[PDB]
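J.: Below are the structure tokens for one structure; questions will follow.
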Amino acid sequence: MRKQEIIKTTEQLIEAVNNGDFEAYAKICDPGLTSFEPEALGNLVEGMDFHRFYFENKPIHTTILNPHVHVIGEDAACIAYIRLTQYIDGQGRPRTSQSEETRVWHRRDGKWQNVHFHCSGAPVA
Amino acid sequence: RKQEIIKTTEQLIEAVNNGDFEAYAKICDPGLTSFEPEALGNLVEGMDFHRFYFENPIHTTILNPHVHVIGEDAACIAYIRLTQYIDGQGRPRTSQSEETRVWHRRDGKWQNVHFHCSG
Amino acid sequence: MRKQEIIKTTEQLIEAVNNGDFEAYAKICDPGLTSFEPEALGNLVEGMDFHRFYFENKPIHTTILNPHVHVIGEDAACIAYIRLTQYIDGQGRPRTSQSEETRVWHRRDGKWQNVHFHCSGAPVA
Amino acid sequence: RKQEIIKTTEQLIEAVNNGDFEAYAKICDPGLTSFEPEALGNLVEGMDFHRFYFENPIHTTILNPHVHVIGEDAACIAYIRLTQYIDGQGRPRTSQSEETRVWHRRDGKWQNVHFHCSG
Amino acid sequence: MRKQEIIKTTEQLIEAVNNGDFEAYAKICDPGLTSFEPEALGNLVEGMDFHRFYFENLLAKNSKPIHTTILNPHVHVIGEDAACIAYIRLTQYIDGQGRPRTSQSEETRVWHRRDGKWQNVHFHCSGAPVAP
Amino acid sequence: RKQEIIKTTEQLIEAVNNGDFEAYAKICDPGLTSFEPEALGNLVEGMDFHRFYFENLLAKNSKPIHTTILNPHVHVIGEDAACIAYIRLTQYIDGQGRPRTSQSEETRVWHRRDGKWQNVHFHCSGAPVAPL
Amino acid sequence: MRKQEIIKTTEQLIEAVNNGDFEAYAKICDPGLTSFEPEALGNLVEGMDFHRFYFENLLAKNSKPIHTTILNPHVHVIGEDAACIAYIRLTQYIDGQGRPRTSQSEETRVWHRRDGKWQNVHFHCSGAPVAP
Amino acid sequence: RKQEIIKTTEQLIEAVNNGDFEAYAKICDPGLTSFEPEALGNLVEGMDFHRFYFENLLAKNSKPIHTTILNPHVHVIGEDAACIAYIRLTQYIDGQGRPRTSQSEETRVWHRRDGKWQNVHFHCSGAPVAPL
Amino acid sequence: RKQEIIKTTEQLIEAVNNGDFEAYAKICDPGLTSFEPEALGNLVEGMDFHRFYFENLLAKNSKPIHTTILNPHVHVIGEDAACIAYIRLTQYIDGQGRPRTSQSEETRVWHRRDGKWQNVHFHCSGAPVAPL
Amino acid sequence: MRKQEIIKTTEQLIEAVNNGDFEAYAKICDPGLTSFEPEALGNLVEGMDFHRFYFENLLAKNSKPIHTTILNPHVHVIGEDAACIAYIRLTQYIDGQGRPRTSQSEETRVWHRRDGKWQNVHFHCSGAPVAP
Amino acid sequence: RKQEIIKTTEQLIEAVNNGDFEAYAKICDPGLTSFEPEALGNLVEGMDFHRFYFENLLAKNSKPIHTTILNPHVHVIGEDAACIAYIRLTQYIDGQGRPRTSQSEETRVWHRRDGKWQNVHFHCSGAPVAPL
Amino acid sequence: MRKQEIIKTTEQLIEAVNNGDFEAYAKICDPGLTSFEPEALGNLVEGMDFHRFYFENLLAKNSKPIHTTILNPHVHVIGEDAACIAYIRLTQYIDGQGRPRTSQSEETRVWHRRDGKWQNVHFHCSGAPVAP
Amino acid sequence: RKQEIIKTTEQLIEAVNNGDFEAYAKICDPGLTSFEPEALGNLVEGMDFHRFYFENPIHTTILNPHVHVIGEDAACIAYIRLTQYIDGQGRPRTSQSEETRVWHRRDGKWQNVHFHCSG
Amino acid sequence: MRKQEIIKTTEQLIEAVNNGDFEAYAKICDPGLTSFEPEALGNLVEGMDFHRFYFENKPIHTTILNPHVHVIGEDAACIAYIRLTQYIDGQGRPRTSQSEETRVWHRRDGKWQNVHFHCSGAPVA
Amino acid sequence: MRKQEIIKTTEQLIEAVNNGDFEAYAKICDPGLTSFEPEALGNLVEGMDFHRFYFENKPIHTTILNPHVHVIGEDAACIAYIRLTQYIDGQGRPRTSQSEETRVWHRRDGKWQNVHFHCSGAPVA
Amino acid sequence: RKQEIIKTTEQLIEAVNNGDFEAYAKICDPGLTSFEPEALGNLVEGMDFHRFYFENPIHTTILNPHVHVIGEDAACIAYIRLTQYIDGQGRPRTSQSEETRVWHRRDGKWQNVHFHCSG
């Protein structure tokens with residue numbers, strides 16, 4: 001019912017990363033963002049500044065499989081989905097990479113803000 | 001308010017290390033989701049999966065906690081799990097694991113709705 | 001709605017294998033059963049007789065994750081689920097094994113019969 | 001009735017080998033599920049996943065088919081996919097894959113609702 | 001139609017090997033039997049005697065629960081008293097460690113009906129050698 | 001008698017070595033079954049599988065080769081049926097320029113249809129001995 | 001409260017190394033600087049001169065887009081003009097092949113406030129050596 | 001001056017070598033941070049982490065060891081603050097019975113509280129040199 | 001004719017498998033030449049060379065074995081001379097307890113002297129197939 | 001006495017192979033020739049055709065100065081028109097690199113005198129295959 | 001005092017890094033002894049040994065290098081004698097273009113003769129740190 | 001002339017280590033002793049205490065017959081009360097297996113005559129570490 | 001005359017296999033030279049070297065002898081030594097060695113003046 | 001005394017091989033020559049014909065060390081010497097090769113003939 | 001002529017080492033003895049003291065092959081011989097070891113004294 | 001007297017490094033014996049063996065000499081040969097060799113009668 005909005009906002013964020021448009025990513029993310037990801041080497045990154053590097057510095061298509069949104073109150077949600085990223089390597093052969101993601105959401109003045117983001121498996125930068 | 005979230009997380013961790021499921025079951029939401037290395041990159045649907053490990057010398061340390069409080073009855077702690085143990089050879093070993101636990105306060109006590117584990 | 005019956009009948013079959021009760025397995029399966037599984041070495045096995053071997057010849061717990069039942073007509077269904085089998089090895093350490101399963105179902109005189117069964121990943125015999 | 005299921009399966013396979021998506025899209029059910037080696041042990045939710053491979057010398061052979069017909073408008077074919085191709089070195093190679101396709105006849109033509117692929 | 005008899009006679013022969021009863025094997029096989037098999041090291045063995053070794057030297061201590069499955073048969077019937085079955089041999093057994101194992105072998109058996117019963121004149125075997 | 005079966009087998013083999021499919025297609029039964037190392041332990045149905053190896057054969061990779069048929073054993077059944085079980089010693093020259101030999105154990109089941117002998121089944125152990 | 005100044009001064013120093021501006025590094029560091037780092041091979045280097053090498057010998061051809069992140073800081077304030085920050089150095093860069101790489105290094109910097117600005121008296125570094 | 005800091009460091013080291021935690025606990029600040037090889041590139045918070053190594057030390061594994069503190073460099077700040085940066089040459093005897101030496105680069109930040117010196121932070125590169 | 005040569009060859013082979021030299025000595029010509037893998041590419045003169053393998057055979061190492069003579073080709077010359085060229089498929093059981101097959105290509109030149117057939121020369125390629 | 005003729009005829013055959021003149025080889029060999037040789041992969045090749053390959057596919061670019069030596073001959077004469085020579089083949093040649101190499105091979109040739117000239121009915125070869 | 005010994009040691013080191021022998025020859029005693037890794041565990045007598053490394057240094061192999069003298073310990077004896085025991089951290093850039101550090105433990109015995117300090121003995125453990 | 005006293009005092013020290021008598025070693029060595037040796041892992045150890053470990057932890061069960069030889073000495077005499085000997089240490093011993101072994105080590109010892117007896121202020125050692 | 005040289009060579013060989021030096025000493029010339037693998041490519045000066053091996057199940061076979069007779073009291077035999085023995089594992093092994101023995105008939109019996117051994 | 005003639009005739013033969021003059025080698029050798037050498041692969045070669053190959057198909061210098069001539073009768077000798085052959089490899093570096101030789105000699109109508117020749121170690125062809 | 005005395009005195013010394021009688025070795029050797037040997041690790045040992053170790057701390061037989069004595073003056077000689085030492089290893093198998101030796105001799109008050117001793121190849125301690 | 005022996009040894013060494021045989025031939029005794037690594041553990045009989053190396057950037061250093069003087073016209077020097085050279089790669093290398101040279105003064109100049117070389 002309300003979980004359908006959380007999945008749509010998650011796609012927008014993912015599309016911002018695949019397209020490489022930071023201004024869209026920055027809007028959907030909470031300036032005070034925490035994140036565990038394989039690129040962080042088992043550390044909790046504090047800023048946008050960490051992610052900006054990957055934006056500022058190939059045909060791909062992300063698929064969001066088996067979503068599970070835990071809705072809390074009026075303005076809080078926790079989606080736990082799988083990230084099947086399809087891309088083409090330098091050699092020219094097509095490759096798929098699986099990554100398990102958890103994104104904690106907080107609705108602030110209308111739009112949904114991303115406060116925390118967990119990522120297991122392959123890095124998608 | 002974040003200090004309460006860290007205390008409830010320790011209780012849950014202690015329940016796993018002590019092997020007391022009834023304590024784990026209380027602190028966890030019966031409708032629990034979880035990504036963990038044991039799940040082989042799948043989202044387990046709750047309790048019954050964990051029960052297996054309970055029914056069938058260590059010291060856990062919770063480093064660099066970061067609690068994101070949302071509303072009155074919602075929190076998201078993102079901490080590191082440094083588990084110290086002793087191998088079969090007899091030498092002491094440490095294992096690092098990155099954990100995210102999403103919390104929901106229901107009729108007083110804090111319930112764990114989702115749990116992520118890397119490493 | 002009707003998919004909930006297919007998931008329950010699948011659990012009964014799985015439980016029959018874990019418990020090692022063939023008579024229950026034989027009832028839920030169609031005597032004319034086809035099956036691709038890792039034990040078959042990429043061949044389509046024809047009988048119960050193949051499975052009987054594993055029954056006639058350890059604490060485990062199977063979990064059925066991300067089910068997807070395709071209902072066709074009144075008496076036909078196709079469930080596509082993941083088999084997370086938790087067990088304890090000979091050394092005494094606990095192990096988990098993932099296997100992707102597809103079971104095609106056919107309702108005959110009340111009870112659901114299993115006509116075909118696909119299994120990718122780890123064998124659970 | 002099983003002879004129709006084998007013919008429709010060939011059309012789909014030929015659509016993939018020829019790289020004509022419009023033919024693949026017609027024969028497949030928009031709400032398509034699929035276990036395949038490319039999915040990394042996950043159940044893909046349909047079309048968009050496959051489109052990638054289409055948009056971005058071989059001969060396929062369909063060995064030992066086994067069609068389970070259910071009702072008037074339902075079938076389950078379980079066949080082997082012997083795909084013959086030529087490697088970069090120039091030598092010819094064969095690759096075996098075990099496939100299960102669940103079919104549903106909708107307004108005349110057969111639609112593919114589920115597709116399993118091992119090997 | 002007539003191919004169903006060829007598959008039944010093939011099972012009897014296979015069961016004779018799994019059970020280790022040579023007299024049954026000897027009856028179903030043609031005394032002038034040719035055979036390519038992995039045990040022969042790429043040679044065509046003559047009639048019987050070669051196989052007897054595997055039957056006779058089978059000890060009860062090494063006797064393991066096994067079950068053979070005959071998958072995707074293809075019987076080519078020629079005349080009234082001749083047939084050629086080409087099947088796959090999925091042999092399920094339990095190793096010395098106690099774990100269950102499966103072994104695939106591709107078999108071709110040429111049959112000749114003599115005074116009622118079917119006689120095996122030639123036998124080809126690729127893959128794993130699946131005599132106990 | 002058996003001498004006709006060995007001659008027809010050579011024609012088929014020569015069709016593969018020369019890379020002339022039309023000759024291969026004539027001598028083979030359109031409904032052909034076959035176990036061979038290229039099939040990965042499966043029973044192929046059709047010419048279509050074999051056509052690939054004929055058509056994709058380049059003249060640049062065309063090497064001087066000579067097949068030898070050793071220790072034949074033809075089992076004649078009725079008037080229009082035969083089963084030859086022979087060894088295929090294929091002599092060729094590798095890309096480096098050195099001469100190499102490859103052994104393969106073959107069983108071909110034959111059926112005489114409207115004059116000429118047709119190949120209904122074909123088994124092959126050892127090395128895959130097709131120019132490709 | 002006062003720890004926020006220590007984290008800001010640490011960033012300035014780090015930025016001086018990433019930008020390759022020694023004059024800024026020299027100002028923020030105490031001329032009598034001690035340092036354990038992976039480049040020192042388990043020795044305590046004396047004040048400056050050792051570091052100058054890495055600044056001066058940095059060529060523009062090898063100049064790579066890099067971005068340092070300071071994670072989980074822990075500032076121990078002592079008196080009015082002394083601090084000890086213990087932080088993790090996640091350095092993001094792009095290798096010669098063109099692929100992006102991250103390198104972790106555990107750092108401890110002991111600070112001493114002299115005539116206004118903070119001076120770095122000691123510097124410890126575990127893990128990867130992350131000077132260009 | 002600096003001579004007091006080196007003496008207090010020896011007491012702490014001796015507490016670890018002797019395996020007496022109560023002495024270690026006294027000399028260390030309950031709010032202790034620490035980078036060490038056992039922490040896997042993380043900053044540990046507490047005694048609790050260290051207690052494990054003291055308590056789980058068996059008398060059967062108790063080996064004759066002798067620590068040497070080489071090239072100390074004490075940075076004194078104010079009246080009640082110091083930063084020693086020394087090398088830890090730990091001499092021990094392995095299970096085989098042969099004598100072995102292990103080098104580790106250490107930085108310990110000290111704070112004098114109600115008389116005795118308290119250890120607030122502790123850095124360790126190289127070998128983990130705790131009896132276990 | 002050639003059937004007598006194959007029977008006498010079996011007697012000789014059986015004498016080696018049974019380890020009865022007196023039978024071997026009778027069937028062999030005292031002036032026997034032989035190329036075999038045990039000779040290291042030399043032509044041995046005498047029984048004396050072979051006697052070693054018979055006499056030094058222990059009962060503890062005595063294994064169930066069965067030799068098979070495949071694709072014989074006897075070249076008869078005059079009344080009292082023959083040349084058999086056969087393959088020796090020796091089936092045995094290794095120390096581990098598993099069954100093994102070993103191929104060896106043999107040529108034996110025969111000479112009929114005062115009734116019984118005498119072996120004047122013996123060639124052996126492949127595996128040395130004597131119980132030892 | 002009569003053995004000297006057998007050694008001379010063997011040299012002629014060997015020289016025919018080294019010179020690459022098949023017509024001379026074909027004359028000295030019996031059209032119904034059997035042969036065990038390393039090139040045959042432990043099989044008994046039929047008469048001619050197999051050998052022709054090595055003669056015909058010999059290129060002038062790969063033509064190397066070679067010299068065969070026949071050491072320790074042992075001719076077993078049977079009747080008037082039958083002989084069995086067992087000799088060693090030391091073939092001296094020069095490799096592609098330009099260095100001289102020697103290769104040993106143990107040979108047995110069974111001879112039959114037909115209308116004057118000696119015909120070779122069987123030929124065994126162990127060790128190195130020494131056809132250009 | 002000891003500060004003069006460290007300055008004269010730098011001059012000598014700089015003479016080796018710059019490749020100016022005349023400066024090295026002046027600062028060294030013509031009757032110089034030396035243990036170094038290049039000597040293969042022997043005590044070299046003369047400049048002549050060292051001259052080789054100076055003279056055979058090519059400008060093509062000339063790399064940007066910087067030596068650092070860490071933890072000096074000068075033992076002054078009388079008016080005209082000193083013994084410095086220091087560590088040689090030599091920073092350089094390899095042929096691949098990556099920066100490398102090499103540690104070497106050095107002992108230099110000094111003797112003040114007609115004003116300037118002369119080097120009578122020189123010990124070197126670890127890496128040989130001469131541009132060559 | 002005066003160098004003969006330096007070689008005798010060096011032997012006394014060496015004999016103190018081989019005999020395992022520390023009190024004799026302690027007398028001949030300067031309490032403020034520096035030393036580079038292979039056991040120190042490229043560090044300069046402080047005075048005594050480091051060495052005591054090797055003396056005290058020497059067990060009688062591991063006590064092996066050893067004999068040190070001082071080859072090619074070179075004593076540099078400075079003033080009245082200073083000397084620098086540079087010698088090779090050929091230590092002969094017997095391993096646990098019982099076989100005799102020799103170990104080479106290049107040593108430099110700087111000497112200072114204090115109230116009669118010669119005191120050792122510095123000691124360098126390359127090659128094998130030759131303390132029991 | 002060559003048949004006598006082969007018989008005397010067997011006696012010498014048998015003396016070594018049996019380990020009877022007095023027989024070896026008689027058949028050998030006190031001034032004996034010898035190249036053998038034990039000598040490490042040096043020419044041993046006689047008896048005393050061999051005595052060591054005597055003082056501190058096999059069957060030797062002498063294949064392809066070639067005796068060069070010179071004058072009345074001189075011969076040069078060049079033969080192959082196929083020595084059959086049993087290894088520690090219990091399996092039978094053969095070892096080839098190429099030998100040249102130069103003979104000199106002195107007061108009746110044949111004396112061995114030189115002995116070469118390859119392999 | 002008489003052994004000095006045997007060493008001189010051995011040098012002539014060796015020089016014939018190093019110079020590659022067969023006619024000189026053929027004269028000094030007995031047409032019925034036996035020989036064990038490393039090139040023969042542990043066989044006794046019968047002819048000149050074997051050696052001719054090496055003649056018909058680089059700066060070297062042979063040295064004859066520790067000769068030991070056993071003189072028998074008037075026309076028989078047995079020299080046992082070491083062959084230190086110095087040569088330069090294809091790379092251009094100088095190499096030495098040791099070979100232990102025994103040559104049995106027979107004086108026929110004046111000149112010494114070589115009836116047998118043994119060679120251990122390295123081949124000098 | 002005079003070289004025969006040098007070979008006899010060399011045997012006495014060798015026998016003293018094989019028998020393990022130092023007093024005999026000490027007499028035949030010059031107290032001021034130099035020596036290059038494999039045990040010295042490419043150094044020139046100065047004393048008896050080095051050798052004493054091996055004496056103070058198995059059936060063997062030494063053979064002295066191809067001696068070459070260079071006689072200088074009335075009381076000086078230089079023998080250059082090969083040391084073929086035959087022994088039995090711990091396993092029980094017989095082994096031979098070659099070593100090239102040079103011993104410089106000086107006749108002092110009757111008996112020959114050994115002033116220098118070189119040894120290449122295998123050590124015989 | 002030992003200082004003359006060391007000077008004559010340098011002249012000989014320099015003759016080898018410079019490749020001037022006439023100088024080497026003068027300083028060496030025509031009846032020269034020599035153990036060296038090139039001889040493969042054999043005693044070479046003089047000149048002709050060495051000539052090969054002469055007819056078909058380095059710096060030699062003579063360390064720790066020890067001259068044993070015997071009579072008026074005899075000496076035995078035992079020294080170490082540290083030869084410095086540059087490999088094909090271009091890096092500098094050192095090679096150690098232990099040498100013993102026995103000297104005999106004949107009509108003025110010192111002649112080399114024997115020469116040992118290890119390493």
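Note on naming: chains are A, B, ... as they come in the structure tokens, residues start from 1 per chain, ligands start from 1 in the order shown.
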Please identify the helix (DSSP H, G or I) residues within chain N (assignment by DSSP from backbone atoms) and present them as a ChimeraX atom specification.
T.: /N:3-19,22-28,38-40,49-56
J.: Write the selection just made, keeping N, CA, C and O atoms, as a short mmCIF file (atom, residue, chain, number, x, y, z; two decimals), in the first residue's frame?
T.:
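Contents of out-v4.cif, freshly written:
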data_model
loop_
_atom_site.label_atom_id
_atom_site.label_comp_id
_atom_site.auth_asym_id
_atom_site.auth_seq_id
_atom_site.Cartn_x
_atom_site.Cartn_y
_atom_site.Cartn_z
N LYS N 3 104.84 -46.53 -23.43
CA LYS N 3 103.50 -45.93 -23.17
C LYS N 3 103.40 -44.55 -23.83
O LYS N 3 102.27 -44.14 -24.14
N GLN N 4 104.53 -43.88 -24.04
CA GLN N 4 104.61 -42.50 -24.61
C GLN N 4 104.08 -42.50 -26.06
O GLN N 4 103.52 -41.47 -26.47
N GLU N 5 104.27 -43.60 -26.79
CA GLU N 5 103.79 -43.78 -28.19
C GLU N 5 102.26 -43.85 -28.21
O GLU N 5 101.66 -43.30 -29.14
N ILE N 6 101.67 -44.52 -27.21
CA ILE N 6 100.20 -44.76 -27.09
C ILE N 6 99.49 -43.41 -26.87
O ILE N 6 98.41 -43.22 -27.47
N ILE N 7 100.07 -42.53 -26.05
CA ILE N 7 99.50 -41.20 -25.69
C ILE N 7 99.54 -40.29 -26.93
O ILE N 7 98.58 -39.52 -27.12
N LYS N 8 100.61 -40.38 -27.73
CA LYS N 8 100.82 -39.56 -28.96
C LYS N 8 99.79 -39.95 -30.02
O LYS N 8 99.22 -39.04 -30.65
N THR N 9 99.55 -41.25 -30.21
CA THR N 9 98.60 -41.81 -31.21
C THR N 9 97.16 -41.46 -30.80
O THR N 9 96.34 -41.23 -31.71
N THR N 10 96.88 -41.41 -29.50
CA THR N 10 95.56 -41.04 -28.92
C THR N 10 95.26 -39.57 -29.24
O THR N 10 94.10 -39.27 -29.59
N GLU N 11 96.27 -38.70 -29.13
CA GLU N 11 96.17 -37.24 -29.43
C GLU N 11 95.83 -37.06 -30.91
O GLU N 11 94.92 -36.25 -31.20
N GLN N 12 96.51 -37.78 -31.81
CA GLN N 12 96.29 -37.74 -33.28
C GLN N 12 94.81 -38.03 -33.57
O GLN N 12 94.20 -37.26 -34.34
N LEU N 13 94.27 -39.10 -32.98
CA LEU N 13 92.85 -39.53 -33.12
C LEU N 13 91.93 -38.40 -32.65
O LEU N 13 91.04 -38.00 -33.43
N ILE N 14 92.14 -37.91 -31.43
CA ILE N 14 91.36 -36.80 -30.80
C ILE N 14 91.40 -35.58 -31.73
O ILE N 14 90.32 -34.99 -31.96
N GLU N 15 92.58 -35.22 -32.23
CA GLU N 15 92.80 -34.05 -33.12
C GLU N 15 92.01 -34.24 -34.42
O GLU N 15 91.48 -33.23 -34.93
N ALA N 16 91.93 -35.47 -34.93
CA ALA N 16 91.17 -35.84 -36.15
C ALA N 16 89.68 -35.53 -35.95
O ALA N 16 89.04 -35.09 -36.93
N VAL N 17 89.16 -35.74 -34.73
CA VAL N 17 87.73 -35.51 -34.36
C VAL N 17 87.48 -34.01 -34.22
O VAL N 17 86.45 -33.53 -34.74
N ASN N 18 88.39 -33.29 -33.55
CA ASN N 18 88.30 -31.83 -33.29
C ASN N 18 88.44 -31.06 -34.61
O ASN N 18 87.72 -30.06 -34.78
N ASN N 19 89.33 -31.51 -35.50
CA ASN N 19 89.58 -30.91 -36.83
C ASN N 19 88.49 -31.34 -37.82
O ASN N 19 88.22 -30.58 -38.77
N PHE N 22 88.01 -37.15 -41.18
CA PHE N 22 87.59 -38.57 -40.99
C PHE N 22 88.68 -39.52 -41.50
O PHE N 22 88.94 -40.53 -40.82
N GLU N 23 89.29 -39.22 -42.65
CA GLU N 23 90.31 -40.08 -43.31
C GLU N 23 91.44 -40.40 -42.32
O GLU N 23 91.93 -41.54 -42.35
N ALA N 24 91.82 -39.43 -41.48
CA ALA N 24 92.84 -39.58 -40.42
C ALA N 24 92.29 -40.47 -39.30
O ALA N 24 93.03 -41.35 -38.82
N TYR N 25 91.03 -40.23 -38.90
CA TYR N 25 90.29 -41.01 -37.87
C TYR N 25 90.17 -42.47 -38.32
O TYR N 25 90.46 -43.38 -37.52
N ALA N 26 89.76 -42.67 -39.58
CA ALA N 26 89.53 -44.00 -40.21
C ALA N 26 90.83 -44.82 -40.21
O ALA N 26 90.75 -46.03 -39.98
N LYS N 27 91.97 -44.17 -40.48
CA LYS N 27 93.31 -44.81 -40.52
C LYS N 27 93.69 -45.31 -39.13
O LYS N 27 94.13 -46.48 -39.02
N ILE N 28 93.53 -44.47 -38.10
CA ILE N 28 94.00 -44.72 -36.71
C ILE N 28 93.05 -45.73 -36.02
O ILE N 28 93.52 -46.42 -35.10
N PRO N 38 78.18 -42.00 -24.78
CA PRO N 38 76.89 -41.47 -24.34
C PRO N 38 75.88 -41.28 -25.49
O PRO N 38 74.69 -41.32 -25.23
N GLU N 39 76.38 -41.09 -26.71
CA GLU N 39 75.57 -40.87 -27.94
C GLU N 39 74.89 -42.18 -28.35
O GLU N 39 73.84 -42.11 -29.01
N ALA N 40 75.45 -43.33 -27.95
CA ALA N 40 74.99 -44.69 -28.33
C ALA N 40 73.80 -45.12 -27.46
O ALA N 40 73.18 -46.15 -27.80
N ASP N 49 80.73 -46.14 -39.57
CA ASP N 49 79.48 -45.57 -40.15
C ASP N 49 78.73 -44.72 -39.12
O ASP N 49 78.20 -43.66 -39.52
N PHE N 50 78.68 -45.16 -37.86
CA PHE N 50 78.01 -44.45 -36.74
C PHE N 50 78.69 -43.09 -36.53
O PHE N 50 77.97 -42.07 -36.40
N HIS N 51 80.03 -43.08 -36.51
CA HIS N 51 80.87 -41.88 -36.24
C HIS N 51 80.84 -40.94 -37.45
O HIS N 51 80.75 -39.72 -37.23
N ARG N 52 80.91 -41.48 -38.67
CA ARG N 52 80.90 -40.73 -39.95
C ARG N 52 79.84 -39.62 -39.91
O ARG N 52 80.14 -38.49 -40.36
N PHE N 53 78.64 -39.93 -39.41
CA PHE N 53 77.49 -39.00 -39.27
C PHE N 53 77.95 -37.67 -38.66
O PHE N 53 77.62 -36.61 -39.22
N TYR N 54 78.70 -37.74 -37.55
CA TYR N 54 79.14 -36.57 -36.74
C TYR N 54 80.21 -35.76 -37.49
O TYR N 54 80.22 -34.53 -37.36
N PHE N 55 81.07 -36.44 -38.25
CA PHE N 55 82.11 -35.82 -39.11
C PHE N 55 81.46 -35.08 -40.27
O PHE N 55 81.70 -33.86 -40.42
N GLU N 56 80.64 -35.79 -41.07
CA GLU N 56 80.02 -35.28 -42.32
C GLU N 56 79.05 -34.14 -42.00
O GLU N 56 78.99 -33.18 -42.80
#
J.: Write down, as a list in words, each residue of chain P that has any atom within 10 Å of an atom of chain N, counting only C-alpha atoms.
T.: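 Every residue meeting the condition is included here: residues 37, 38, 39, 40, 41, 42, 43, 44, 45, 46, 48, 49, 50, 51, 52, 53 and 56 of chain P.
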J.: Using only C-alpha atoms, select each residue of chain K with any atom at most 10 Å away from an atom of chain P, and give the selection as an MDAnalysis selection string.
T.: chainID K and resid 37:46 48:53 56:58 61 131:132
J.: Report as a PDB file with N, CA, C and O atoms, in the first residue's frame the set of chain C residues whose atoms approach chain F to within 10 Å, with distances computed over only C-alpha atoms.
T.:
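Written file, part_38.pdb:
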ATOM      1  N   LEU C  41      23.071 -35.324 -12.784  1.00  0.00           N
ATOM      2  CA  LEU C  41      24.224 -35.006 -13.671  1.00  0.00           C
ATOM      3  C   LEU C  41      23.708 -34.472 -15.013  1.00  0.00           C
ATOM      4  O   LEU C  41      24.190 -34.936 -16.067  1.00  0.00           O
ATOM      5  N   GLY C  42      22.760 -33.530 -14.961  1.00  0.00           N
ATOM      6  CA  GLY C  42      22.221 -32.806 -16.130  1.00  0.00           C
ATOM      7  C   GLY C  42      21.296 -33.661 -16.981  1.00  0.00           C
ATOM      8  O   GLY C  42      21.125 -33.328 -18.172  1.00  0.00           O
ATOM      9  N   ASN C  43      20.711 -34.713 -16.401  1.00  0.00           N
ATOM     10  CA  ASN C  43      19.727 -35.607 -17.072  1.00  0.00           C
ATOM     11  C   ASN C  43      18.357 -35.433 -16.408  1.00  0.00           C
ATOM     12  O   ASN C  43      18.318 -35.002 -15.240  1.00  0.00           O
TER      13      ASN C  43
END
J.: Using only C-alpha atoms for the distances, tell me which of L:129, L:65, L:100, L:38 is nearest to chain K.
T.: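 For chain K, the nearest of the candidates is L:38.
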